[PDB]
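Structure, as structure tokens:
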Amino acid sequence: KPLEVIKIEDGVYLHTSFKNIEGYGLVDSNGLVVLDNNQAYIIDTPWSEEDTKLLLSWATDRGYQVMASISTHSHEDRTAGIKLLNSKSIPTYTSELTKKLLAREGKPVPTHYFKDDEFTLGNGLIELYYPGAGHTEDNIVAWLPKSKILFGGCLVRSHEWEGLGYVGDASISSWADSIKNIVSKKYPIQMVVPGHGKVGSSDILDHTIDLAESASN
């Protein structure tokens, strides 16, 4: 079941890839493509090399030049495409921590990484922030100031979920404070895109804090 790419605001597309788990069924994973004229930036690669190449043809068939990708945590749902993008001399970015985790697990690493808790791509198009551990030790978020989209990735949970889900790599203790760190940025959020499931509003944030503060005890 192939990549889907759908418009969700001007110059912002939601890309969704799928995995068929034999005995369970189909799960999905979300990234974004962000356009600035004919320059494209990918937030999270698709979940396979094959879906990443489709995403690459989606962009190049439209006359876009993919300038970069940024992966929001070290796991394969967000990094499967890094080797392929590296093979094509499109710059790949992660936090320094995400880069070091990939290296430790023997995985291809990005060609670029940022050291602070804050980083920007596309001359202000994408603002990246490390709010603290949550779903994973290294999860970051992306704020899109024009469209007022917050890409929360796996650090936020859609309303389809009455539970935080997998927590093996989680800091359950710290996951609520990391969200409150995002709230303190005081972003004018109109939409929140989760790593899995449906797009919602800023409400997705309080909703995740609750699944979190709940699980704390």
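Labeling convention for the structure tokens: chains A, B, ... as they appear, residues from 1 per chain, ligands from 1 in order of appearance.
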
Next item on the list: Could you tell me, as a PyMOL selection string, which residues of region 64-213 of chain A DSSP assigns to helix (DSSP H, G or I) when given the backbone?
Entry: chain A and resi 76-79+82-86+96-104+172-184+203-213

Checklist line | Contacts of residue 133 (chain A) at 7 Å (only C-alpha atoms; same-chain gap of 2+ positions) as a PyMOL selection string | finding: chain A and resi 135-139+171+174-175+178

Item checked: DSSP strand (DSSP E or B) residues within region 17-192 of chain A, listed as JSON, numbers by chain -> {"A": [17, 18, 19, 20, 21, 25, 26, 27, 28, 29, 30, 31, 32, 33, 34, 35, 36, 39, 40, 41, 42, 43, 65, 66, 67, 68, 69, 70, 92, 93, 94, 95, 112, 113, 114, 118, 119, 120, 121, 126, 127, 128, 129, 141, 142, 143, 144, 149, 150, 151, 152, 153, 191, 192]}

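Summary of the local environment: counting only C-alpha atoms, residues at most 6 Å from region 42-54 of chain A, other than itself and those fewer than 3 positions away along its chain, are residues 3, 17, 31, 32, 33, 57, 69, 70, 71, 77, 78, 79, 80 and 81 of chain A.
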
Notebook entry, point to check: Can you list, as a PyMOL selection string, every protein, DNA or RNA residue that comes within 12 Å of residue 189 (chain A) when you count only C-alpha atoms, leaving out same-chain residues fewer than 5 positions away?
Noted result: chain A and resi 142-152+182-183+200-205

Item checked: region 109-123 of chain A surroundings by only C-alpha atoms, 10 Å radius, close-in-sequence under 4 positions cut, as a ChimeraX atom specification -> /A:34-36,39-41,67-71,74,79,82-83,85-86,89-104,127-132,140-143

Notebook entry, point to check: Rounded to one decimal in Å, what is the spacing between CA of residue 157 (chain A) and CA of residue 208 (chain A)?
Noted result: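 Result for CA of residue 157 (chain A) versus CA of residue 208 (chain A): 5.6 Å, one decimal.
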
Item checked: Nearest to residue 26 (chain A), chosen from A:84, A:2, A:63, A:194, with only C-alpha atoms counted in the distances ->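 Using only C-alpha atoms, residue 26 (chain A) sits closest to A:2.
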
Next item on the list: Measuring atom to atom with only C-alpha atoms, identify which of A:176, A:155, A:170, A:55 is nearest to residue 13 (chain A).
Entry: A:55

Next item on the list: May I ask for the distance between CA of residue 160 (chain A) and CA of residue 173 (chain A), given in Å to one decimal place?
Entry: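 Pair CA of residue 160 (chain A) / CA of residue 173 (chain A) returns 22.6 Å.
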
Next item on the list: Go through A:66, A:21, A:192, A:211 one by one, measure the shortest atom-to-atom distance of each to residue 8 (chain A) using only C-alpha atoms, and give the residue with the smallest value.
Entry: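 Result for the nearest residue to residue 8 (chain A): A:192.
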
Next item on the list: May I ask which of the residues A:177, A:188, A:14, A:1 is the closest one to residue 27 (chain A), counting only C-alpha atoms?
Entry: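 When distances to residue 27 (chain A) are compared using only C-alpha atoms, the smallest one comes from A:1.
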
Margin query: With only C-alpha atoms as the counted atoms, please give the residues lying no more than 6 Å from residue 30 (chain A), apart from itself and same-chain residues fewer than 5 positions off, as a ChimeraX atom specification.
Written below: /A:15-16,195-196

What would the file look like if the residues just selected were written as a PDB file, in the first residue's frame with N, CA and C atoms?
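Just written: selection_30.pdb:
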```pdb
ATOM      1  N   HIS A  15       2.518  13.705   4.097  1.00  0.00           N
ATOM      2  CA  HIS A  15       2.830  12.408   3.516  1.00  0.00           C
ATOM      3  C   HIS A  15       2.610  11.297   4.559  1.00  0.00           C
ATOM      4  N   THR A  16       1.953  10.219   4.119  1.00  0.00           N
ATOM      5  CA  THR A  16       1.619   9.097   4.981  1.00  0.00           C
ATOM      6  C   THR A  16       2.031   7.761   4.318  1.00  0.00           C
ATOM      7  N   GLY A 195       2.916  12.099  14.682  1.00  0.00           N
ATOM      8  CA  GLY A 195       3.651  11.116  13.906  1.00  0.00           C
ATOM      9  C   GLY A 195       2.786   9.990  13.383  1.00  0.00           C
ATOM     10  N   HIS A 196       1.652   9.744  14.035  1.00  0.00           N
ATOM     11  CA  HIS A 196       0.766   8.626  13.650  1.00  0.00           C
ATOM     12  C   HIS A 196      -0.656   9.102  13.817  1.00  0.00           C
TER      13      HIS A 196
END
```

Check: CA of residue 65 (chain A) and CA of residue 87 (chain A), how far apart in Å?
Finding: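 Interatomic distance here is 15.4 Å.
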